[PDB]
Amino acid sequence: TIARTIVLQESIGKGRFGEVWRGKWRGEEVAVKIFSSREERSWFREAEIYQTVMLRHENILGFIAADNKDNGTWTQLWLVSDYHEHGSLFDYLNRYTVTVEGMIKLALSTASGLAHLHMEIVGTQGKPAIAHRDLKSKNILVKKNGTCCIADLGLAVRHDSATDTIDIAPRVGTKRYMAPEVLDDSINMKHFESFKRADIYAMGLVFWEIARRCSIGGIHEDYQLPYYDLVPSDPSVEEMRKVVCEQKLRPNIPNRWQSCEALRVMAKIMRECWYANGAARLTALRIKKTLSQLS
């Protein structure tokens, strides 16, 4: 009664695996991600993460269902979610500039989603702490109300806090957004907090992307991906490692950002997400608090 009743209308892009469509379910727009039979492990793992108890949150993509659909020749494996017409934060930031208010809304909601992912909720209906492992502007979506929600949870890892163990055996993710310790393979992958810290580094890069598009008095920067000035469009681990680990460079913080308090606060958050030492980085909770006070 899920897949059977949905009609696909428009192809809207690709996932890591799977094809994303705009579909209609009981007259409503939904997003459908479709995987083939040979991608069952990917589909199942993403279904599993989205079905985590107590996961739902305004800043996490709203999951509707996992399902199968047999068309008479082959079986499709479906994930169905809320639909957000703006699409990704990447798309949004390319299309638009934002106000100071708009920037803070995007950054705060992103941090709130990540803080929720990262947080263990204790109790009978307890939520394990979860780290994303591939956070970037392309997998954060922008809702009609101008807030963000986090998607693409297929690479996520979940923590059992009593044993300090992780639910799968984990260099995944997008090379451009990989933390220094991921790039140089020094990350201790038996340590769950290390994955949280790596997510924070990537969120700092996303905040830089947003801040570039904050237009004050007609003044703003063009849209760029982090490290656009230092690496090729599809960089290798080695190309990223030489920049981030060896030369110790980070995205440049424009001078015009010091002239505005909101932009100063954002720039300071970025610096404190970009430390080479993960243990020194801000937590998502702390970032949320700081942006909430700013909002």
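Sequential numbering from 1, following the sequence displayed. So that the term is clear: the rigid core is the largest set of C-alpha atoms that superpose within 1.5 Å between two forms.
Root mean square Cα distance to the shown form, taken over structures and residues in 5 other deposited structures of this protein after a core fit, is higher for 35 to 43 when 243 to 251 and 35 to 43 are compared. The segment moving more, judged by mean Cα distance from this form in 5 other deposited structures of this protein after a core overlay, is 44 to 52 among 44 to 52 and 227 to 235.
The records show that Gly154 is included in the coordinate set of every other eligible entry of this protein, so it is not omitted in a third of them. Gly72 is built in all of the other entries compared, counting only those with both neighbours built, so it is not a gap in a third. Deposited sequence between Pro170 and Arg171: 1 to 3 residues lack coordinates. Between 263 to 271 and 62 to 70, it is 263 to 271 that carries the larger average Cα temperature factor according to the deposited entry. Stretches 26 to 34 and 46 to 54 differ in mean C-alpha B factor, with the higher average recorded for 26 to 34.
Within the selection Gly102, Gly154, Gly204, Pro128, the deposited Cα B-factor values reach their highest point at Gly102.
Within the group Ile216, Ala211, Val80, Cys148, the record's highest C-alpha temperature factor is found at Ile216.
Annotation for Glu85: C-alpha temperature factor in the middle third relative to the rest of the modelled chain, per the entry. The deposited CA B-factor of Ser11 belongs to the middle third of values across its chain.
Sort the modelled residues of the chain by CA B factor and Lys190 lands in the highest third. Ranked by Cα temperature factor within the chain, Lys138 sits in the lowest third according to the deposited record. Among all modelled residues in its chain, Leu117 ranks in the middle third by Cα B-factor.
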